[PDB]
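Below you will find one chain, with nothing else, as structure tokens; this is the form deposited in one PDB entry, and questions on how it binds or moves follow later.
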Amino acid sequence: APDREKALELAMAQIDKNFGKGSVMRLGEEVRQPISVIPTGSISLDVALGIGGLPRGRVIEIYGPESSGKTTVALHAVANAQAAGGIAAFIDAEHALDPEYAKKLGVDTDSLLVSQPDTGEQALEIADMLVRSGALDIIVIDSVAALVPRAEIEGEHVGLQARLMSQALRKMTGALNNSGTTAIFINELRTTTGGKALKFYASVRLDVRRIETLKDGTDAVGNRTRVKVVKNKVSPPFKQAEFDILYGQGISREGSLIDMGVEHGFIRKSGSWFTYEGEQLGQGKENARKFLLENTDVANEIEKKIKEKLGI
């Protein structure tokens, strides 16, 4: 009587129904859930996420060491939501945000709501309040670690900060879903106390890390970042992405067009030279990057070709 694949589907179907779509998936499943998303600023990362970017109405955790490119991503996400006419909020407990750098990544800072809370409790209560107004497309909490309990801030023993995150996250997920607001928790590393509850509440968790220092030989242009989607409840998890961030600049589009253009074969890399349908792009990723910077026409058709092959 037993037919495994049949019984499996019935079980999987029941699992998703009792706990929500994506509670169980095959890693090679070709997801066809066009949920609304906020492009990550990185084409490869959006692909890695399987849905085109960060899902709307969900909790996102972006962790990693400092100088990994975490906030750059958070910032491109804000910029993209704003471009789509969305409103953005920034709960700041770090006081590190460089709005001039943000404007460079396309963020409309003048319209950016910023809040510099007195305590972790207040910081999350302010975020909850903004969220359940339903007016926001996205909200970024700078530093899970900086969300220190009031009691600690006023000189008091216990494990309070984690319960703080658990309780706040419990109340907030409901609002996020109804409002459709995406919440990005930036988690500078060294679990950061509240990172514990975040691990379970998140629909997406990004392991961000610095892996290289861009050269072009003998000086530095910027650094390369690698992101792994360790958790993904909307599309198969564990996929990875890489991209370049040049000093003072954000995520290099041209850089991403070159990388993906190579793996997906539209761009041919014969040794140290890059070529695109006949014409040469240059010797060394940088010259090619510079090339795509000037010959905007090319870049767009490549982007076009890469986009068509996987989804504009």
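Note that the rigid core is defined as the largest set of C-alphas that superpose within 1.5 Å between two forms. A residue's number is simply how far along the shown sequence it sits, counting from 1.
Unmodelled residues of the deposited sequence between residue 156 and residue 157: 4 to 9. Going from residue 170 to residue 171, the model skips none of the deposited residues; the chain is continuous there. Of the two segments examined, 202-210 and 173-181, it is 173-181 that shows the higher average Cα temperature factor in the deposited entry. If you average the C-alpha B-factors over 58-66 and over 257-265, the higher value belongs to 257-265. When the Cα B-factors of 220, 129, 102, 74 are read from the PDB record, 220 comes out highest. Per the PDB entry, 281 shows the highest C-alpha temperature factor of the residues 281, 245, 47, 37. When the CA B factors of the chain's modelled residues are split into thirds, the value for residue 138 lands in the lowest one. Among all modelled residues in this chain, the alpha-carbon of residue 52 has a temperature factor (C-alpha) in the middle third. Annotation for residue 192: CA B-factor lies in the highest third of the chain's modelled residues.
Ranked against the other modelled residues of its chain, the C-alpha B-factor of residue 95 as given in the entry falls in the lowest third. Among the modelled residues of the chain, residue 28 sits in the middle third by CA temperature factor in this PDB entry.
Same protein, other form: the form deposited in another entry, not shown, and the subject of what follows.
Measuring CA movement between the shown form and the other one with the rigid core aligned, the set 245, 59, 260, 281 has one residue at 2 Å or more: 281. Residue 18: CA moves less than 2 Å between the shown form and the other one after rigid-core fitting. Relative to the superposed core, residue 297 shifts its CA atom by 2 Å or more between the shown form and the other one. After superposing the rigid core, the C-alpha of residue 271 moves by 2 Å or more between the shown form and the other one.
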